[PDB]
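A.B. asks: Okay, here's the structure, questions in a sec.
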Amino acid sequence: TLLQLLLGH
Amino acid sequence: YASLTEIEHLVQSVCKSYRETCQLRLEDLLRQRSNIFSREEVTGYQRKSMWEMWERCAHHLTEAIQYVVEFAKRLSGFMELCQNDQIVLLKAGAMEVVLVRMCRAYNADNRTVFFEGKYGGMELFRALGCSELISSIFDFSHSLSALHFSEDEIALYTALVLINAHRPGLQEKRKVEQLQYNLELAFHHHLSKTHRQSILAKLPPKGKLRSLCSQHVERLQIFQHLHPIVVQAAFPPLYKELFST
Ligand SMILES: CCS(=O)(=O)c1ccc(CC(=O)Nc2cnc(O[C@@H](C)c3ccccc3)c(Cl)c2)cc1
């Protein structure tokens, strides 16, 4: 997901 | 069992994380208060298409959300949580944090909000066709403005808005509960120093923020069903991820 990407994990 | 020193350090850490990610300077928002949309400017917004007004608002909200993501990343306890729980908390909490932060941009004396460079009333948003939601959001902003939050109070309160152990789907609920309690201790400690614990009883019930977010999702359903292509083509992908069903 995009949140995953933004959180770097 | 966090010591008084550790709680004091937590206060400082939360306030630093917030200062670094607060998006706009409070001083700048307050300086702009005399800059109000004219009757003709308001009319211009009201005469915009529903799709264009939704698109503008989704963009602005997403920008605000990106700062909230950065806030979370700088909250030491947040990165201690497992990957799933970070996502669960941000997905549910991002909008709630933005709603709270937005009270900084609200002027209770004339009931206006800072939007696209000037202050405008709730009638500015009429083209969205969700007047009840906008009214509820303005009511919420008004209620928070009456509390006269300092920036440090906003930092500590929004940290608690984000670290909410009641969110469904947490893999390590007890870990979130511990961090939440420590942040409660931080908030209460800070308030005690300034004789501001009186505001605790006046804070909105948690169900209120949940209600506003539910309402937002429902109004987006109404919009997206009417204009599905514009959401797919033009809306920020993060906005879709967080809010579309
Ligand atoms: C939040 C961080 S901040 O630094 O305080 C900040 C403040 C303002 C801005 C400019 C901006 O985005 N304004 C705006 C105002 N109202 C908007 O909708 C109404 C319906 C609204 C009113 C109150 C609360 C929520 C939503 C939107 Cl979609 C954007 C950027 C940053």
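For the structure tokens, the naming scheme is as follows: chains receive sequential letters (A, B, ...) according to their order of presentation, residues are indexed from 1 within each chain, and ligands are indexed from 1 in presentation order.
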So that I can check the surroundings of segment 10-17 of chain B, please list as a list in words every protein, DNA and RNA residue that reaches within 7 Å of it, counting only C-alpha atoms and ignoring chain neighbours fewer than 3 positions away.

C.D. replies: residues 6, 7, 20, 21, 71, 74, 75, 152, 155, 156 and 186 of chain B

A.B. asks: Residues within 8 Å of ligand 1 should be enumerated using only C-alpha atoms and all ligand atoms and returned as a VMD selection string.

C.D. replies: chain B and resid 22 to 26 29 56 to 61 63 to 64 67 98 to 106 113 to 117 122 125 133 to 134 137 to 138 140 to 141

A.B. asks: Do a neighbour search on residue 4 of chain A at 9 Å with only C-alpha atoms, toss out local chain neighbours closer than 2 positions, and write the hits as a tab-separated table (two decimals) with C-alpha atoms, in the first residue's frame.

C.D. replies:
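Everything below was put into result12.tsv:
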chain	number	residue	atom	x	y	z
A	1	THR	CA	0.00	0.00	0.00
A	2	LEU	CA	0.91	3.69	-0.22
A	6	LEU	CA	5.43	6.34	2.84
A	7	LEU	CA	6.42	4.64	6.11
A	8	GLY	CA	9.36	2.99	4.32
A	9	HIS	CA	8.44	-0.57	5.24
B	83	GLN	CA	4.19	-2.51	10.60
B	84	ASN	CA	0.52	-3.53	10.56
B	86	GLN	CA	1.40	1.68	12.14
B	87	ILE	CA	-0.84	1.32	9.06

A.B. asks: Using only C-alpha atoms, determine which residues of chain B fall within 8 Å of chain A; present them as a ChimeraX atom specification.

C.D. replies: /B:69,73,83,87,90-91,237-238,241

A.B. asks: Mind writing the picked residues with N, CA and C atoms as a CSV table (one decimal), in the first residue's frame?

C.D. replies:
chain,number,residue,atom,x,y,z
B,69,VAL,N,1.6,12.1,8.3
B,69,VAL,CA,2.4,10.9,8.1
B,69,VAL,C,3.8,11.2,8.7
B,73,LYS,N,6.0,9.4,11.8
B,73,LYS,CA,7.3,8.9,11.6
B,73,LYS,C,8.3,9.4,12.6
B,83,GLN,N,4.5,-3.1,11.9
B,83,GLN,CA,4.2,-2.5,10.6
B,83,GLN,C,2.7,-2.4,10.4
B,87,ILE,N,0.1,1.1,10.1
B,87,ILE,CA,-0.8,1.3,9.1
B,87,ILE,C,-2.3,1.5,9.6
B,90,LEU,N,-2.6,4.9,11.3
B,90,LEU,CA,-2.6,6.1,10.4
B,90,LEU,C,-3.8,6.1,9.5
B,91,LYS,N,-4.2,4.9,9.0
B,91,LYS,CA,-5.4,4.9,8.1
B,91,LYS,C,-6.6,5.4,8.8
B,237,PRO,N,-3.9,9.4,-5.1
B,237,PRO,CA,-4.0,7.9,-4.8
B,237,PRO,C,-4.1,7.6,-3.3
B,238,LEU,N,-3.4,8.4,-2.5
B,238,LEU,CA,-3.4,8.2,-1.0
B,238,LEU,C,-4.8,8.5,-0.5
B,241,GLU,N,-7.0,5.5,-1.2
B,241,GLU,CA,-6.6,4.4,-0.3
B,241,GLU,C,-7.2,4.5,1.1

A.B. asks: Go ahead and compute the interatomic distance for atom CA of residue 187 of chain B and atom CA of residue 2 of chain B, in Å to one decimal.

C.D. replies: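 Computing the Euclidean distance for atom CA of residue 187 of chain B and atom CA of residue 2 of chain B yields 13.6 Å.
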
A.B. asks: Using only C-alpha atoms, which residue out of B:164, B:107, B:112, B:180 lies closest to residue 42 of chain B?

C.D. replies: B:112

A.B. asks: Please give the complete set of residues from chain B that DSSP, run on the backbone, assigns to strand (DSSP E), formatted as a PyMOL selection string.

C.D. replies: chain B and resi 106-107+112-115+118-120

A.B. asks: Please identify which residues in chain A DSSP calls alpha helix (DSSP H) from the backbone, and express them as a PyMOL selection string.

C.D. replies: chain A and resi 2-7

A.B. asks: For residue 96 of chain B, find every residue with an atom within 9 Å (counting only C-alpha atoms), except residues of its own chain fewer than 5 positions away, and show them as a list in words.

C.D. replies: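 Near residue 96 of chain B, the qualifying residues are residues 101, 158, 161, 162, 209, 210, 212 and 213 of chain B.
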
A.B. asks: Just the selected residues (C-alpha atoms), exported as a short mmCIF file (atom, residue, chain, number, x, y, z; two decimals), in the first residue's frame, please.

C.D. replies:
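Okay, out30.cif is ready:
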data_model
loop_
_atom_site.label_atom_id
_atom_site.label_comp_id
_atom_site.auth_asym_id
_atom_site.auth_seq_id
_atom_site.Cartn_x
_atom_site.Cartn_y
_atom_site.Cartn_z
CA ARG B 101 -5.00 20.55 13.45
CA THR B 158 -2.98 14.92 18.30
CA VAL B 161 -5.68 11.04 18.57
CA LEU B 162 -3.19 8.96 16.54
CA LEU B 209 -14.02 12.19 15.66
CA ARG B 210 -15.12 8.70 14.58
CA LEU B 212 -16.97 12.89 11.46
CA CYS B 213 -14.71 10.39 9.66
#

A.B. asks: Please indicate the distance in Å from atom CA of residue 124 of chain B to atom CA of residue 223 of chain B, rounded to one decimal place.

C.D. replies: 17.8 Å

A.B. asks: Find the distance between atom CA of residue 153 of chain B and atom CA of residue 77 of chain B and write it in Å to one decimal.

C.D. replies: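 Calculated distance between atom CA of residue 153 of chain B and atom CA of residue 77 of chain B is 18.3 Å.
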
A.B. asks: Excluding residue 231 of chain B and its own-chain neighbours fewer than 5 positions away, which residues fall within 8 Å of it when counting only C-alpha atoms? Please give them as a list in words.

C.D. replies: residues 55, 224 and 240 of chain B

A.B. asks: Quick one: write out the picked residues with C-alpha atoms as a PDB file, in the first residue's frame?

C.D. replies:
ATOM      1  CA  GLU B  55     -10.874  17.569  -6.424  1.00  0.00           C
ATOM      2  CA  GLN B 224     -17.798   8.795  -6.115  1.00  0.00           C
ATOM      3  CA  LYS B 240      -8.460   6.905  -2.480  1.00  0.00           C
TER       4      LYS B 240
END
